[PDB]
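A.B. asks: Got a structure for you, run_37.cif, holding mmCIF, C-alpha atoms and all ligand atoms.
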data_query
loop_
_atom_site.label_atom_id
_atom_site.label_comp_id
_atom_site.auth_asym_id
_atom_site.auth_seq_id
_atom_site.Cartn_x
_atom_site.Cartn_y
_atom_site.Cartn_z
CA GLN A 49 93.46 16.69 -16.66
CA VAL A 50 94.08 18.64 -19.87
CA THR A 51 93.11 18.21 -23.50
CA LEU A 52 95.68 19.46 -26.01
CA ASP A 53 94.83 20.84 -29.44
CA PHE A 54 97.33 19.40 -31.95
CA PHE A 55 97.49 21.08 -35.37
CA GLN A 56 99.20 18.69 -37.78
CA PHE A 57 99.94 20.07 -41.26
CA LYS A 58 101.25 17.01 -43.08
CA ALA A 59 98.67 14.92 -44.94
CA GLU A 60 101.25 12.30 -45.96
CA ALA A 61 102.10 11.62 -42.30
CA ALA A 62 98.59 11.88 -40.85
CA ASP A 63 98.52 8.24 -39.75
CA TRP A 64 101.95 8.37 -38.11
CA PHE A 65 101.13 11.36 -35.91
CA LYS A 66 97.69 9.94 -35.07
CA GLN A 67 99.35 6.75 -33.82
CA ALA A 68 102.05 8.66 -31.94
CA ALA A 69 99.46 10.84 -30.19
CA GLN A 70 97.46 7.76 -29.22
CA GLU A 71 100.60 6.07 -27.88
CA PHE A 72 101.45 9.11 -25.75
CA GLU A 73 97.88 9.32 -24.43
CA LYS A 74 97.92 5.69 -23.31
CA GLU A 75 101.15 6.32 -21.39
CA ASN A 76 99.89 9.64 -19.99
CA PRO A 77 96.13 9.35 -19.27
CA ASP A 78 95.99 12.87 -17.78
CA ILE A 79 96.93 14.36 -21.16
CA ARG A 80 94.36 13.95 -23.93
CA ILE A 81 95.22 15.03 -27.48
CA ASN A 82 92.75 16.20 -30.12
CA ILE A 83 94.14 16.37 -33.67
CA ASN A 84 93.09 18.28 -36.77
CA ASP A 92 91.97 30.02 -42.56
CA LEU A 93 95.33 29.77 -40.78
CA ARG A 94 95.38 33.31 -39.41
CA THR A 95 92.01 32.49 -37.84
CA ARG A 96 93.10 29.19 -36.28
CA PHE A 97 96.28 30.76 -34.83
CA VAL A 98 94.50 33.66 -33.08
CA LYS A 99 95.98 33.99 -29.59
CA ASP A 100 92.93 32.84 -27.60
CA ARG A 101 92.60 29.56 -29.54
CA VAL A 102 96.17 28.92 -30.74
CA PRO A 103 96.94 25.17 -30.82
CA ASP A 104 99.07 23.71 -28.05
CA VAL A 105 101.20 21.52 -30.33
CA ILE A 106 101.91 22.35 -33.96
CA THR A 107 103.70 20.79 -36.89
CA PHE A 108 104.50 23.09 -39.79
CA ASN A 109 106.52 22.88 -42.98
CA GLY A 110 109.68 24.98 -42.68
CA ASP A 111 108.93 27.61 -45.34
CA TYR A 112 108.14 31.33 -45.72
CA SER A 113 104.76 30.97 -43.99
CA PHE A 114 106.43 29.39 -40.99
CA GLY A 115 108.77 32.37 -40.91
CA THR A 116 105.96 34.92 -41.06
CA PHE A 117 104.03 33.27 -38.23
CA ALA A 118 107.29 32.95 -36.28
CA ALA A 119 108.02 36.66 -36.74
CA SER A 120 104.49 37.61 -35.67
CA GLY A 121 104.84 35.78 -32.34
CA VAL A 122 102.45 32.85 -32.91
CA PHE A 123 105.01 30.23 -31.89
CA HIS A 124 106.86 29.51 -28.65
CA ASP A 125 110.47 30.75 -28.51
CA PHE A 126 112.68 27.64 -28.19
CA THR A 127 115.97 29.56 -28.31
CA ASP A 128 118.35 28.08 -25.70
CA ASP A 129 115.97 25.18 -24.91
CA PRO A 130 118.13 22.31 -23.54
CA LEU A 131 116.78 20.01 -26.29
CA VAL A 132 118.35 22.11 -29.06
CA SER A 133 121.89 21.03 -28.17
CA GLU A 134 121.13 17.47 -29.36
CA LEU A 135 120.17 18.70 -32.81
CA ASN A 136 121.84 19.18 -36.19
CA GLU A 137 123.07 22.79 -36.06
CA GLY A 138 122.50 23.29 -39.80
CA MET A 139 118.85 22.28 -39.44
CA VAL A 140 118.44 24.48 -36.38
CA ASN A 141 119.98 27.40 -38.27
CA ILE A 142 117.64 26.75 -41.19
CA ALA A 143 114.70 27.20 -38.81
CA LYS A 144 116.17 30.38 -37.33
CA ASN A 145 116.91 31.88 -40.73
CA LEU A 146 113.30 31.37 -41.88
CA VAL A 147 112.10 34.10 -39.52
CA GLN A 148 110.81 36.90 -41.71
CA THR A 149 112.50 39.87 -40.11
CA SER A 150 115.14 42.41 -41.17
CA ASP A 151 116.52 42.42 -37.62
CA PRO A 152 119.35 39.87 -37.19
CA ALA A 153 118.73 39.58 -33.43
CA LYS A 154 115.16 38.48 -34.16
CA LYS A 155 116.32 35.38 -36.08
CA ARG A 156 115.42 33.21 -33.10
CA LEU A 157 114.26 29.60 -32.85
CA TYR A 158 110.48 29.20 -32.92
CA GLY A 159 110.26 25.46 -33.38
CA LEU A 160 112.32 22.30 -33.29
CA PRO A 161 113.44 20.67 -36.52
CA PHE A 162 111.68 17.30 -36.51
CA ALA A 163 112.50 15.95 -39.98
CA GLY A 164 114.55 17.00 -42.99
CA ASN A 165 113.90 16.61 -46.68
CA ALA A 166 115.76 17.05 -49.94
CA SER A 167 114.65 18.20 -53.38
CA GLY A 168 115.79 16.36 -56.49
CA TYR A 169 114.25 13.39 -58.22
CA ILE A 170 113.06 9.94 -57.30
CA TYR A 171 114.09 7.25 -59.78
CA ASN A 172 113.24 3.61 -60.48
CA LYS A 173 116.38 1.50 -60.02
CA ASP A 174 114.99 -1.47 -61.96
CA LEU A 175 114.36 0.74 -65.00
CA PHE A 176 117.89 2.11 -64.58
CA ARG A 177 119.31 -1.43 -64.69
CA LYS A 178 117.01 -2.22 -67.61
CA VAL A 179 118.78 0.33 -69.82
CA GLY A 180 122.30 -0.23 -68.48
CA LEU A 181 122.58 2.72 -66.08
CA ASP A 182 124.24 2.46 -62.67
CA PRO A 183 121.42 2.73 -60.10
CA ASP A 184 123.88 3.64 -57.33
CA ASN A 185 125.59 6.48 -59.21
CA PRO A 186 123.11 8.85 -60.93
CA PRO A 187 124.08 11.65 -63.41
CA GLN A 188 126.64 14.22 -62.22
CA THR A 189 125.98 16.95 -64.80
CA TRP A 190 123.08 18.56 -66.64
CA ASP A 191 124.15 17.05 -69.97
CA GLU A 192 124.38 13.58 -68.44
CA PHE A 193 120.99 14.06 -66.78
CA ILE A 194 119.36 15.03 -70.08
CA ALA A 195 121.23 12.19 -71.86
CA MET A 196 119.74 9.78 -69.31
CA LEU A 197 116.23 11.05 -70.06
CA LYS A 198 116.80 10.75 -73.81
CA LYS A 199 118.07 7.21 -73.21
CA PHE A 200 114.80 6.23 -71.50
CA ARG A 201 112.73 7.83 -74.25
CA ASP A 202 114.69 5.97 -76.92
CA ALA A 203 114.15 2.72 -74.99
CA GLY A 204 110.38 3.23 -75.02
CA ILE A 205 110.14 4.35 -71.39
CA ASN A 206 108.37 7.51 -70.22
CA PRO A 207 111.32 9.45 -68.80
CA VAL A 208 109.55 11.91 -66.45
CA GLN A 209 106.28 11.68 -64.51
CA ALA A 210 105.02 15.23 -64.27
CA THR A 211 102.13 16.21 -61.96
CA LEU A 212 101.07 19.51 -63.53
CA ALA A 213 97.48 19.39 -62.27
CA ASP A 214 98.83 20.31 -58.82
CA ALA A 215 100.69 23.58 -59.24
CA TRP A 216 102.86 23.31 -56.13
CA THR A 217 104.69 20.30 -57.56
CA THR A 218 106.18 22.51 -60.29
CA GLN A 219 108.05 24.32 -57.53
CA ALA A 220 110.15 21.24 -56.78
CA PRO A 221 112.33 21.19 -59.91
CA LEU A 222 112.73 24.98 -59.72
CA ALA A 223 114.11 24.67 -56.20
CA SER A 224 116.24 21.66 -57.13
CA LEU A 225 117.88 23.57 -59.99
CA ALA A 226 118.11 26.95 -58.23
CA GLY A 227 119.90 25.28 -55.31
CA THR A 228 122.97 25.02 -57.53
CA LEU A 229 122.41 27.96 -59.87
CA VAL A 230 121.37 30.67 -57.38
CA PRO A 231 123.25 31.48 -54.14
CA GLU A 232 120.92 32.40 -51.26
CA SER A 233 122.73 35.73 -51.02
CA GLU A 234 121.06 36.74 -54.29
CA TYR A 235 117.67 37.03 -52.58
CA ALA A 236 118.95 39.71 -50.22
CA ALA A 237 120.10 41.60 -53.34
CA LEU A 238 116.73 40.96 -54.97
CA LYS A 239 114.93 42.46 -51.99
CA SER A 240 117.01 45.66 -52.10
CA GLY A 241 116.58 45.95 -55.88
CA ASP A 242 120.27 45.26 -56.49
CA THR A 243 119.34 42.38 -58.80
CA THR A 244 116.29 41.11 -60.70
CA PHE A 245 114.41 37.88 -61.41
CA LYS A 246 115.55 38.11 -65.02
CA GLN A 247 119.17 37.95 -63.90
CA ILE A 248 118.87 35.04 -61.41
CA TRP A 249 115.89 32.86 -62.41
CA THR A 250 115.93 32.82 -66.21
CA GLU A 251 118.27 29.82 -66.33
CA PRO A 252 116.48 27.72 -63.68
CA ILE A 253 113.10 28.22 -65.44
CA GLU A 254 114.62 27.43 -68.84
CA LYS A 255 116.03 24.15 -67.52
CA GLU A 256 112.78 23.23 -65.78
CA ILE A 257 111.03 23.67 -69.12
CA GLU A 258 113.67 21.46 -70.74
CA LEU A 259 113.12 18.82 -68.02
CA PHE A 260 109.40 18.60 -68.71
CA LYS A 261 110.08 18.18 -72.44
CA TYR A 262 110.71 14.59 -71.39
CA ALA A 263 107.37 14.21 -69.66
CA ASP A 264 106.17 12.07 -72.55
CA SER A 265 103.04 10.60 -70.97
CA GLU A 266 100.33 11.75 -68.55
CA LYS A 267 102.01 15.07 -67.73
CA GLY A 268 98.78 16.76 -66.65
CA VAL A 269 97.81 14.51 -63.73
CA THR A 270 97.61 15.12 -59.98
CA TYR A 271 100.24 14.57 -57.30
CA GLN A 272 98.49 11.37 -56.21
CA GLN A 273 97.96 10.09 -59.76
CA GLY A 274 101.62 10.75 -60.53
CA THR A 275 102.97 8.84 -57.55
CA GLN A 276 100.55 6.00 -58.31
CA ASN A 277 101.79 5.85 -61.92
CA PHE A 278 105.41 5.86 -60.80
CA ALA A 279 104.73 3.14 -58.21
CA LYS A 280 103.38 0.94 -60.99
CA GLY A 281 106.60 1.27 -62.97
CA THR A 282 105.46 3.55 -65.79
CA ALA A 283 108.19 6.23 -65.55
CA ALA A 284 111.95 6.45 -65.02
CA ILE A 285 111.88 9.47 -62.67
CA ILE A 286 109.45 11.68 -60.78
CA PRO A 287 111.05 15.07 -60.03
CA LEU A 288 109.78 15.57 -56.48
CA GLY A 289 111.54 15.58 -53.14
CA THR A 290 111.96 12.95 -50.46
CA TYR A 291 108.50 13.70 -48.97
CA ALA A 292 106.91 11.94 -51.96
CA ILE A 293 108.65 8.61 -51.38
CA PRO A 294 106.14 7.29 -48.82
CA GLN A 295 103.26 8.16 -51.19
CA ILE A 296 104.93 5.89 -53.75
CA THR A 297 105.86 2.97 -51.50
CA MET A 298 102.38 2.77 -49.98
CA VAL A 299 101.06 1.86 -53.45
CA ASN A 300 103.88 -0.59 -54.22
CA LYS A 301 105.76 -1.53 -51.07
CA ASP A 302 108.78 -3.24 -52.65
CA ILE A 303 109.48 -0.85 -55.53
CA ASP A 304 113.24 -0.31 -55.83
CA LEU A 305 113.76 3.46 -55.50
CA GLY A 306 116.69 5.82 -55.52
CA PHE A 307 116.82 9.51 -54.78
CA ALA A 308 119.28 11.79 -56.56
CA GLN A 309 120.41 15.39 -56.75
CA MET A 310 119.28 17.03 -60.00
CA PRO A 311 122.47 18.48 -61.50
CA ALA A 312 121.73 21.95 -62.85
CA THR A 313 124.95 22.68 -64.73
CA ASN A 314 127.86 21.02 -66.48
CA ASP A 315 130.12 21.92 -63.59
CA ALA A 316 130.33 18.54 -61.86
CA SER A 317 132.66 19.95 -59.19
CA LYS A 318 130.09 22.53 -58.01
CA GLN A 319 126.76 20.77 -57.45
CA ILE A 320 124.52 21.56 -54.49
CA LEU A 321 121.56 19.70 -52.96
CA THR A 322 118.45 21.63 -52.01
CA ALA A 323 117.44 20.56 -48.50
CA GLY A 324 115.22 21.95 -45.78
CA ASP A 325 113.34 21.35 -42.59
CA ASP A 326 110.35 19.33 -43.78
CA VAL A 327 108.65 19.34 -40.40
CA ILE A 328 109.10 21.86 -37.61
CA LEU A 329 107.51 20.94 -34.32
CA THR A 330 106.41 23.80 -32.09
CA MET A 331 104.03 25.10 -29.44
CA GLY A 332 101.48 27.90 -29.43
CA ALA A 333 103.20 30.92 -27.87
CA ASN A 334 100.07 31.94 -25.95
CA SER A 335 99.13 28.37 -25.07
CA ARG A 336 98.14 27.70 -21.45
CA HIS A 337 99.31 24.06 -21.20
CA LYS A 338 102.97 24.45 -22.07
CA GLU A 339 104.22 22.02 -19.43
CA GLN A 340 102.05 19.20 -20.83
CA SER A 341 102.64 20.17 -24.45
CA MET A 342 106.39 20.03 -23.88
CA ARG A 343 106.08 16.51 -22.51
CA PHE A 344 104.45 15.39 -25.76
CA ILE A 345 107.07 17.29 -27.76
CA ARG A 346 109.94 15.68 -25.81
CA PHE A 347 108.32 12.31 -26.59
CA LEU A 348 108.18 13.10 -30.32
CA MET A 349 111.77 14.40 -30.25
CA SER A 350 113.14 11.20 -28.70
CA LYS A 351 115.51 9.21 -30.91
CA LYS A 352 113.15 6.23 -31.12
CA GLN A 353 110.26 8.34 -32.38
CA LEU A 354 112.46 10.42 -34.73
CA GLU A 355 113.95 7.35 -36.39
CA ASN A 356 110.60 5.54 -36.61
CA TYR A 357 109.19 8.63 -38.28
CA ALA A 358 112.19 8.78 -40.59
CA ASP A 359 111.70 5.12 -41.56
CA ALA A 360 108.01 5.63 -42.23
CA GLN A 361 108.42 8.85 -44.22
CA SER A 362 111.86 8.32 -45.84
CA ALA A 363 113.09 11.42 -44.05
CA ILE A 364 116.30 12.66 -42.43
CA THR A 365 116.46 12.87 -38.63
CA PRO A 366 117.40 16.20 -36.97
CA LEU A 367 119.82 14.72 -34.42
CA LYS A 368 123.53 15.53 -34.53
CA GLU A 369 124.19 11.97 -35.67
CA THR A 370 122.07 11.95 -38.81
CA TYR A 371 119.93 8.92 -39.60
CA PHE A 372 118.59 8.33 -43.11
CA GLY A 373 115.18 6.66 -43.18
CA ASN A 374 115.53 4.94 -46.54
CA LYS A 375 118.50 3.44 -48.37
CA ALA A 376 117.07 5.19 -51.44
CA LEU A 377 118.71 8.31 -49.95
CA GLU A 378 122.27 6.92 -50.15
CA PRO A 379 123.13 8.75 -53.43
CA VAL A 380 122.68 12.12 -51.67
CA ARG A 381 124.42 11.20 -48.40
CA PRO A 382 127.63 12.79 -49.78
CA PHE A 383 125.92 16.19 -50.12
CA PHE A 384 124.87 16.13 -46.47
CA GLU A 385 128.24 14.91 -45.16
CA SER A 386 130.04 17.67 -47.07
CA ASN A 387 127.44 20.36 -46.26
CA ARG A 388 126.92 20.97 -49.96
CA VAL A 389 123.28 21.91 -49.39
CA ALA A 390 121.09 24.97 -49.99
CA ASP A 391 117.74 26.49 -49.01
CA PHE A 392 114.59 26.07 -51.04
CA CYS A 393 114.39 29.15 -53.25
CA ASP A 394 110.67 29.58 -52.60
CA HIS A 395 111.42 30.11 -48.90
CA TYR A 396 112.34 33.61 -50.09
CA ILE A 397 109.05 34.14 -51.95
CA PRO A 398 106.15 35.73 -50.00
CA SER A 399 103.24 33.32 -49.58
CA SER A 400 100.87 35.89 -51.07
CA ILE A 401 102.61 35.52 -54.47
CA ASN A 402 101.04 32.58 -56.32
CA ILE A 403 104.35 31.30 -57.71
CA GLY A 404 102.86 27.82 -58.15
CA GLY A 405 100.16 29.10 -60.48
CA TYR A 406 102.64 31.18 -62.47
CA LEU A 407 105.08 28.28 -62.83
CA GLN A 408 102.37 25.84 -63.82
CA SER A 409 101.33 28.25 -66.56
CA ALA A 410 104.90 28.82 -67.75
CA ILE A 411 105.58 25.09 -68.04
CA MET A 412 102.41 24.59 -70.09
CA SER A 413 102.97 27.59 -72.38
CA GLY A 414 106.77 27.64 -72.35
CA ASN A 415 106.57 31.41 -71.88
CA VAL A 416 109.67 32.09 -69.74
CA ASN A 417 109.58 35.88 -70.04
CA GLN A 418 105.99 36.16 -68.78
CA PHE A 419 106.87 34.09 -65.71
CA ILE A 420 109.89 36.26 -64.95
CA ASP A 421 108.05 39.56 -65.46
CA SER A 422 105.05 38.40 -63.42
CA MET A 423 107.32 37.38 -60.53
CA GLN A 424 109.09 40.75 -60.73
CA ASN A 425 105.80 42.67 -60.77
CA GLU A 426 104.43 40.74 -57.78
CA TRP A 427 107.71 41.07 -55.90
CA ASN A 428 107.97 44.83 -56.40
CA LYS A 429 104.45 45.34 -55.07
CA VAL A 430 105.20 43.30 -51.92
CA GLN A 431 108.54 44.97 -51.23
CA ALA A 432 107.03 48.44 -51.68
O1 LIG A 501 109.31 21.77 -53.56
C1 LIG A 501 108.05 21.54 -52.96
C2 LIG A 501 108.11 22.02 -51.51
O2 LIG A 501 109.11 21.31 -50.82
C3 LIG A 501 109.13 21.63 -49.44
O3 LIG A 501 107.86 21.40 -48.82
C4 LIG A 501 107.67 20.02 -48.57
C5 LIG A 501 106.16 19.74 -48.49
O4 LIG A 501 105.64 19.70 -49.82
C6 LIG A 501 104.25 19.41 -49.91
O5 LIG A 501 103.44 20.42 -49.28
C7 LIG A 501 102.72 21.13 -50.27
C8 LIG A 501 101.23 20.98 -49.94
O6 LIG A 501 100.78 19.68 -50.28
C9 LIG A 501 100.40 22.00 -50.71
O7 LIG A 501 99.05 21.98 -50.28
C10 LIG A 501 100.96 23.41 -50.55
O8 LIG A 501 100.19 24.27 -51.36
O9 LIG A 501 102.28 23.41 -51.05
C11 LIG A 501 103.16 22.60 -50.30
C12 LIG A 501 104.54 22.83 -50.92
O10 LIG A 501 104.84 24.21 -50.87
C13 LIG A 501 103.96 18.06 -49.25
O11 LIG A 501 102.58 17.79 -49.28
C14 LIG A 501 104.42 18.08 -47.79
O12 LIG A 501 104.21 16.81 -47.20
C15 LIG A 501 105.90 18.43 -47.74
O13 LIG A 501 106.29 18.53 -46.38
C16 LIG A 501 109.47 23.11 -49.25
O14 LIG A 501 109.49 23.48 -47.88
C17 LIG A 501 108.44 23.96 -49.96
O15 LIG A 501 108.79 25.32 -49.85
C18 LIG A 501 108.38 23.53 -51.42
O16 LIG A 501 107.35 24.25 -52.06
CL CL A 502 125.73 19.62 -35.78
CL CL A 503 122.07 6.30 -41.54
MG MG A 504 103.77 26.05 -47.09
MG MG A 505 124.82 28.53 -50.40
MG MG A 506 97.64 -1.60 -51.78
MG MG A 507 105.54 -4.74 -55.56
MG MG A 508 134.03 22.52 -61.89
#
Step by step, read the file and then write its structure as structure tokens.

C.D. replies:
Amino acid sequence: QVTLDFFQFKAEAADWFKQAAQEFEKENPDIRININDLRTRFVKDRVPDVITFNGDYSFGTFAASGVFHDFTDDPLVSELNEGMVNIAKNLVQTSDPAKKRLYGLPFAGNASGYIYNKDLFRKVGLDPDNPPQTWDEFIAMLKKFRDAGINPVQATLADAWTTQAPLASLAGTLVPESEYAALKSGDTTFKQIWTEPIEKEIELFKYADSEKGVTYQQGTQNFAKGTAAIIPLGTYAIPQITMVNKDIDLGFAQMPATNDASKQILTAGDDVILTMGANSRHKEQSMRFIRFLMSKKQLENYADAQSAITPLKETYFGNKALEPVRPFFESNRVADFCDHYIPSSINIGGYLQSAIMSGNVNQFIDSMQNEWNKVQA
């Protein structure tokens, strides 16, 4: 007796949500679900009933502008990982602490680091269950693959956004989140906090010895076919790899940013936030679909399919490839993505892509500072 509009952001999970929506429809014939500029689509009169969104700055801006249903105090929230809930709350782009409310439910977590080929690790005598603990050991590992005739790093520089992954992996350890508050008030600068992360990202891609200029898809295809030791993307890329080669033996590791082995941090965020249009007129029916998606069976099936981390208090890891980072989650040694502090209007991806190709660190830093200053004032 209603048809819901479902906006589903994630290309890599398109099939999973299509099948879940169909399953719900068969069990609830009165509720049909139709799946598909963002400011245009989210206009109040036509806002989607059910929404998935990546948990980043854009989520936070739409949350602050009232596009999304306010889930604060919803009975469902008590079943969820408090850290992941607080991540969602802290994304709200507001200077008012009381406005840091919950505008979606964490549905799946990710981590940023690198995906590595365990068979190639074994090939050159490395322990596939215990990846490098320091920057020097990480670089030594890459040099080891190069010297053994193996392409150490599969870059994907044709798609600018992928260059943001190593930056966030490295910054997670090098740059406390508190620095971005200081950055906003002018009490620090990009030169002071991001010079070292960009320098190390440039050093990383020194070891992209083959096919560095390919697309996201080409890169994960190459890696699936065994042509590189690591691909420095987050957990979200794992299903893109395994779909090409289903029994590839993968690990996922934290990328250690310094030679301080006792102070390493894992960048991790809410990969998928599930929410409702605030001005939607079918909230009762939408919530039924959302409660279905947020059930343990669906969450863990999604996690298995997408190599993700469930949002329930008792965390489930969807792929044994994630075991090397389990310690970071258990100990709460995690950090926000640094680009969750960067306004969407700033084309950081383009700037980073350029900096990696030219090696011009100072132009990246000054461009970011220029763009930032104009936004903040
Ligand atoms: O470090 C990269 C990214 O990690 C998280 O986002 C995970 C997200 O990454 C991809 O989405 C990208 C889209 O494909 C692009 O079209 C868009 O321009 O850029 C985003 C990344 O910003 C995967 O496709 C997607 O499945 C996955 O969920 C962080 O939340 C994000 O801030 C980081 O940029
Ligand atoms: Cl918890
Ligand atoms: Cl588990
Ligand atoms: Mg985004
Ligand atoms: Mg911190
Ligand atoms: Mg095939
Ligand atoms: Mg195979
Ligand atoms: Mg130390």

A.B. asks: Please list as a list in words every residue within 6 Å of region 305-316 of chain A, counting only C-alpha atoms and excluding residues in the same chain fewer than 6 positions away.

C.D. replies: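 These residues fall inside the cut-off: residues 168, 169, 170, 171, 172, 173, 188, 189, 190, 225, 376, 377, 379 and 380 of chain A.
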
A.B. asks: Show me which residues are within 9 Å of ligand CL 503 (chain A) counting all atoms listed in the file, and format the list as a list in words.

C.D. replies: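 Those within range of ligand CL 503 (chain A) are residues 364, 369, 370, 371, 372, 373, 374, 375, 378 and 381 of chain A.
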
A.B. asks: So that I can check the surroundings of residue 235 (chain A), please list as a PDB file with C-alpha atoms, keeping the file's coordinate frame every protein, DNA and RNA residue that reaches within 12 Å of it, counting only C-alpha atoms and ignoring chain neighbours fewer than 6 positions away.

C.D. replies:
ATOM      1  CA  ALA A 226     118.110  26.950 -58.230  1.00  0.00           C
ATOM      2  CA  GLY A 241     116.580  45.950 -55.880  1.00  0.00           C
ATOM      3  CA  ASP A 242     120.270  45.260 -56.490  1.00  0.00           C
ATOM      4  CA  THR A 243     119.340  42.380 -58.800  1.00  0.00           C
ATOM      5  CA  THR A 244     116.290  41.110 -60.700  1.00  0.00           C
ATOM      6  CA  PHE A 245     114.410  37.880 -61.410  1.00  0.00           C
ATOM      7  CA  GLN A 247     119.170  37.950 -63.900  1.00  0.00           C
ATOM      8  CA  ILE A 248     118.870  35.040 -61.410  1.00  0.00           C
ATOM      9  CA  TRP A 249     115.890  32.860 -62.410  1.00  0.00           C
ATOM     10  CA  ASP A 391     117.740  26.490 -49.010  1.00  0.00           C
ATOM     11  CA  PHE A 392     114.590  26.070 -51.040  1.00  0.00           C
ATOM     12  CA  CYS A 393     114.390  29.150 -53.250  1.00  0.00           C
ATOM     13  CA  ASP A 394     110.670  29.580 -52.600  1.00  0.00           C
ATOM     14  CA  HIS A 395     111.420  30.110 -48.900  1.00  0.00           C
ATOM     15  CA  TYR A 396     112.340  33.610 -50.090  1.00  0.00           C
ATOM     16  CA  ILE A 397     109.050  34.140 -51.950  1.00  0.00           C
ATOM     17  CA  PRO A 398     106.150  35.730 -50.000  1.00  0.00           C
ATOM     18  CA  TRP A 427     107.710  41.070 -55.900  1.00  0.00           C
TER      19      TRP A 427
END

A.B. asks: Which residue gives the smallest distance to residue 106 (chain A) among A:432, A:210, A:59, A:52, with only C-alpha atoms counted?

C.D. replies: A:52

A.B. asks: Throw together the list of residues within 10 Å of ligand LIG 501 (chain A), counting only C-alpha atoms and all ligand atoms, and drop it here as a PDB file with C-alpha atoms, keeping the file's coordinate frame.

C.D. replies:
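This went into pocket01.pdb:
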ATOM      1  CA  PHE A  57      99.940  20.070 -41.260  1.00  0.00           C
ATOM      2  CA  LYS A  58     101.250  17.010 -43.080  1.00  0.00           C
ATOM      3  CA  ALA A  59      98.670  14.920 -44.940  1.00  0.00           C
ATOM      4  CA  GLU A  60     101.250  12.300 -45.960  1.00  0.00           C
ATOM      5  CA  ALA A  61     102.100  11.620 -42.300  1.00  0.00           C
ATOM      6  CA  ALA A  62      98.590  11.880 -40.850  1.00  0.00           C
ATOM      7  CA  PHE A 108     104.500  23.090 -39.790  1.00  0.00           C
ATOM      8  CA  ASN A 109     106.520  22.880 -42.980  1.00  0.00           C
ATOM      9  CA  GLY A 110     109.680  24.980 -42.680  1.00  0.00           C
ATOM     10  CA  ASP A 111     108.930  27.610 -45.340  1.00  0.00           C
ATOM     11  CA  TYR A 112     108.140  31.330 -45.720  1.00  0.00           C
ATOM     12  CA  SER A 113     104.760  30.970 -43.990  1.00  0.00           C
ATOM     13  CA  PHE A 114     106.430  29.390 -40.990  1.00  0.00           C
ATOM     14  CA  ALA A 163     112.500  15.950 -39.980  1.00  0.00           C
ATOM     15  CA  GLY A 164     114.550  17.000 -42.990  1.00  0.00           C
ATOM     16  CA  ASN A 165     113.900  16.610 -46.680  1.00  0.00           C
ATOM     17  CA  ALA A 166     115.760  17.050 -49.940  1.00  0.00           C
ATOM     18  CA  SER A 167     114.650  18.200 -53.380  1.00  0.00           C
ATOM     19  CA  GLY A 168     115.790  16.360 -56.490  1.00  0.00           C
ATOM     20  CA  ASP A 214      98.830  20.310 -58.820  1.00  0.00           C
ATOM     21  CA  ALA A 215     100.690  23.580 -59.240  1.00  0.00           C
ATOM     22  CA  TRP A 216     102.860  23.310 -56.130  1.00  0.00           C
ATOM     23  CA  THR A 217     104.690  20.300 -57.560  1.00  0.00           C
ATOM     24  CA  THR A 218     106.180  22.510 -60.290  1.00  0.00           C
ATOM     25  CA  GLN A 219     108.050  24.320 -57.530  1.00  0.00           C
ATOM     26  CA  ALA A 220     110.150  21.240 -56.780  1.00  0.00           C
ATOM     27  CA  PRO A 221     112.330  21.190 -59.910  1.00  0.00           C
ATOM     28  CA  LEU A 222     112.730  24.980 -59.720  1.00  0.00           C
ATOM     29  CA  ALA A 223     114.110  24.670 -56.200  1.00  0.00           C
ATOM     30  CA  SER A 224     116.240  21.660 -57.130  1.00  0.00           C
ATOM     31  CA  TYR A 271     100.240  14.570 -57.300  1.00  0.00           C
ATOM     32  CA  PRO A 287     111.050  15.070 -60.030  1.00  0.00           C
ATOM     33  CA  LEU A 288     109.780  15.570 -56.480  1.00  0.00           C
ATOM     34  CA  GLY A 289     111.540  15.580 -53.140  1.00  0.00           C
ATOM     35  CA  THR A 290     111.960  12.950 -50.460  1.00  0.00           C
ATOM     36  CA  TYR A 291     108.500  13.700 -48.970  1.00  0.00           C
ATOM     37  CA  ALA A 292     106.910  11.940 -51.960  1.00  0.00           C
ATOM     38  CA  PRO A 294     106.140   7.290 -48.820  1.00  0.00           C
ATOM     39  CA  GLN A 295     103.260   8.160 -51.190  1.00  0.00           C
ATOM     40  CA  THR A 322     118.450  21.630 -52.010  1.00  0.00           C
ATOM     41  CA  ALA A 323     117.440  20.560 -48.500  1.00  0.00           C
ATOM     42  CA  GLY A 324     115.220  21.950 -45.780  1.00  0.00           C
ATOM     43  CA  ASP A 325     113.340  21.350 -42.590  1.00  0.00           C
ATOM     44  CA  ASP A 326     110.350  19.330 -43.780  1.00  0.00           C
ATOM     45  CA  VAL A 327     108.650  19.340 -40.400  1.00  0.00           C
ATOM     46  CA  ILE A 328     109.100  21.860 -37.610  1.00  0.00           C
ATOM     47  CA  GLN A 361     108.420   8.850 -44.220  1.00  0.00           C
ATOM     48  CA  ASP A 391     117.740  26.490 -49.010  1.00  0.00           C
ATOM     49  CA  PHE A 392     114.590  26.070 -51.040  1.00  0.00           C
ATOM     50  CA  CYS A 393     114.390  29.150 -53.250  1.00  0.00           C
ATOM     51  CA  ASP A 394     110.670  29.580 -52.600  1.00  0.00           C
ATOM     52  CA  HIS A 395     111.420  30.110 -48.900  1.00  0.00           C
ATOM     53  CA  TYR A 396     112.340  33.610 -50.090  1.00  0.00           C
ATOM     54  CA  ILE A 397     109.050  34.140 -51.950  1.00  0.00           C
ATOM     55  CA  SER A 399     103.240  33.320 -49.580  1.00  0.00           C
ATOM     56  CA  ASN A 402     101.040  32.580 -56.320  1.00  0.00           C
ATOM     57  CA  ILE A 403     104.350  31.300 -57.710  1.00  0.00           C
ATOM     58  CA  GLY A 404     102.860  27.820 -58.150  1.00  0.00           C
TER      59      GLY A 404
END
